[PDB]
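# Reading the structure
One-letter residues, chain by chain:
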There are 2 protein chains.
Amino acid sequence: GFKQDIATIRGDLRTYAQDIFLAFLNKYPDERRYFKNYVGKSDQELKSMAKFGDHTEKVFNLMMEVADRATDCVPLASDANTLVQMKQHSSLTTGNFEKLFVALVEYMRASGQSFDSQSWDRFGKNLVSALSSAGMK
Amino acid sequence: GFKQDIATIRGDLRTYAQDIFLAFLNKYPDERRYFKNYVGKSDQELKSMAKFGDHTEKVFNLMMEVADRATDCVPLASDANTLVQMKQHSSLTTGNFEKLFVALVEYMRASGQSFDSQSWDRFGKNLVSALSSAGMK
Ligand code: HEM
Ligand code: HEM
């Protein structure tokens, strides 16, 4: 289930983080405009960029912490607040998070692992609800 | 589902509030001690008493508002705080609440009306967690 999936991802975090984020950026290539130096590169060229692996692992480290503190796929409001008030997220709206979770759920359903992809879908929708409550447009 | 159940209960709130509260007291008779004015009265005698119907509906009105504001049966931290810090709930521990929800779920499963009882069980478990957090021993 959801709680086990957190353990699975954490068990090979940088691999899952890069693969899921790549799924996101491939599904929604115009999302790369929020990042620097990601456009014009294949998957193997992003993976050999140092910043890409490091940053993307930090993103999923935090995502897993937010998932782990949730109850029944409902994140803490303090965690939503953090994600809204991060300088690095100042250009974002909740739609950017919706796209991320659509791609993440799609990746899980295509994978060879026994993920609880409906729970990740509930978590994404609940996180978008919480980001809205915390004042993200 | 759970939202429909809130609608069902609200539609005939005096009736459900009184029936569920009496199911609670009749399953856990020792709990009647907290309601000094209800000692020594049958189900049918309590209903003729103004503050019985009026305070029991207020109890269940608040329960429904907490239920309605919940996400995926997880109540708001602020609503848990309200229930802990009511003068009327000063002596209570979380076990009192756990007994109420055991009785409420039993009532739902016994009824002719079609309730999402495992969701109420979950809600109760999540409310007890939140109450503890908010300082109820
Ligand atoms: C729950 C979802 C998300 C979590 C937990 C999250 C977490 C993070 C963390 C921890 C950083 C800092 C990375 C570092 O400094 O190394 C970061 C930076 C950033 N995030 Fe997110 N993020 C999430 C969703 C998004 C989405 C959906 C977008 C855009 C589509 C986004 C855009 C950015 C940008 C532009 C930066 C700064 C640029 C960069 O690190 O290269 N975030 N986020
Ligand atoms: C989610 C669960 C509950 C909610 C929403 C709730 C709500 C309330 C509300 C709104 C009142 C004020 C009634 C009024 O004065 O009109 C009240 C009073 C009271 N409650 Fe609770 N209650 C809950 C659970 C419990 C439990 C589990 C106990 C004890 C086992 C308890 C014991 C009392 C007592 C002794 C009073 C004072 C009697 C009265 O005011 O009529 N309640 N409750």
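Residues numbered from 1 in each chain as written, not as in the entry; some residues may be left out. Chains lettered and ligands numbered in written order. Heavy atoms only, no water.

X-ray crystallography is the method the PDB entry states for this structure, with the resolution given as 1.44 Å.

## Quick word on the interface of chain A and chain B
The figure often quoted for interface size is the accessible area lost as the parts come together. Taken together, the contacts link five residues of chain A with five residues of chain B. Carbon and sulfur atoms make up 53% of the surface buried where chain A meets chain B, a total of about 420 Å² over both sides. Linking chain A to chain B there are one salt bridge. In this structure, the salt-bridge partner of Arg 122 of chain A is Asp 72 of chain B, at a minimum N-O distance of 2.6 Å. (Contact = heavy atoms within 4.5 Å. Buried area = accessible area lost by both parts, 1.4 Å probe. Salt bridge = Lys/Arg side-chain N within 4 Å of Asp/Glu carboxyl O.)

## Quick notes on the side chain of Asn 126 of chain B
If you trace the backbone, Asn 126 of chain B turns up in helix α7 (residues 117-133). Within the structure, the side chain of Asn 126 of chain B is placed 3.0 Å from the backbone oxygen of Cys 73 of chain B, a separation counted as a polar contact. Ignoring anything within four residues of it in the chain, the contact list for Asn 126 of chain B reads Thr 71 and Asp 72 of chain A together with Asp 72, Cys 73, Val 74 and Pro 75 of chain B. (Helix = DSSP H or I, 4+ residues; strand = E, 2+ residues; numbered from the N terminus. Polar contact = N/O pair within 3.5 Å; in protein donor to acceptor, adjacent residues only side chain to side chain.)

## With respect to the UniProt feature "binding site: heme b 5" (unreviewed entry) in chain A
All names here are of chain A. Those residues carrying the UniProt feature "binding site: heme b 5" (unreviewed entry) are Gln 88 and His 89 in this numbering. With respect to the helices and strands, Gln 88 occurs in the loop between α5 (77-85) and α6 (94-110). Take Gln 88: its relative accessible area is 61%, and that puts it in the exposed class. Take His 89: it is sitting in the loop between α5 and α6. Under the relative-accessibility criterion, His 89 is labelled buried at 18%. The residues touching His 89, leaving out its near neighbours within four places in the chain, are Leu 83 and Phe 97. (UniProt positions renumbered as here; feature names shortened; annotations may be inferred. Buried < 20%, exposed > 50% of the residue type's maximum accessible area, 1.4 Å probe, protein only.)

## As for the site of ligand 1
Residue and element names in this part refer to chain A. Surrounding ligand 1, one finds 18 residues, the nearest of these being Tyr 34, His 55, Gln 88, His 89 and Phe 97. At 2.7 Å, a side-chain N or O of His 55 approaches an oxygen atom of ligand 1. Of all the elements in the fold, those that place two or more residues in the shell around ligand 1 are α4 (50-69) and α6. (Near = heavy atom within 4 Å.)

## Points about the UniProt feature "binding site: heme b 10" (unreviewed entry) in chain A
UniProt marks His 55 and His 89 of chain A with the feature "binding site: heme b 10" (unreviewed entry), using the numbering shown here. A maximum C-alpha distance of 13.5 Å is found for the annotated residues, which run over 35 residues; spatially they form one tight group.

## Here's the deal with the side chain of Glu 31 of chain A
Assignment of secondary structure puts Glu 31 of chain A in the loop between α2 (13-27) and α3 (43-47). Other than its neighbours up to four places away in sequence, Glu 31 of chain A contacts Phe 24, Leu 25, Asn 96 and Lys 99 of chain A.

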